[PDB]
């Protein structure tokens, strides 16, 4: 992609419902050229899809957690555990990181009870887990994963 594609993506990351006319006017290119470039970005896997940004608070997702999970060494415990963590309802992010050399899991639940029932109790029953540490999010200063171009 080129500089023009970047200007298009910079707009799309914020508003996926802008009309072709508007964007075409903002970037200074023919609407048909814009339509083509967007179609290609989708075909090339640059634009993976379009999602509605739903306010978690509107769904009463008040119990937000970030949990570190250490896995047992040997066999294929690490890889298998990552997959088990990602299948848990409420879990939207699972990363393996260096430093602590473990998994960081991001999840959202409506209440403590739901978190315990759907997440913690589940993880507590996995034998290949060595340790876990749940950080309760008490303030979201910023959460805009959609912004990839600053």
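Numbering follows the first chain given and starts at 1.
Of the two stretches examined, 100-108 and 78-86, the record assigns the greater average C-alpha temperature factor to 78-86. As the entry records it, the average C-alpha temperature factor is higher for 30-38, out of 120-128 and 30-38. Highest CA B-factor among the listed residues (141, 138, 23, 9): 23. Ranked by C-alpha B-factor against the other modelled residues of its chain, residue 61 falls in the middle third.
The entry lists a Cα temperature factor for residue 133 that places it in the lowest third of the chain's modelled residues.
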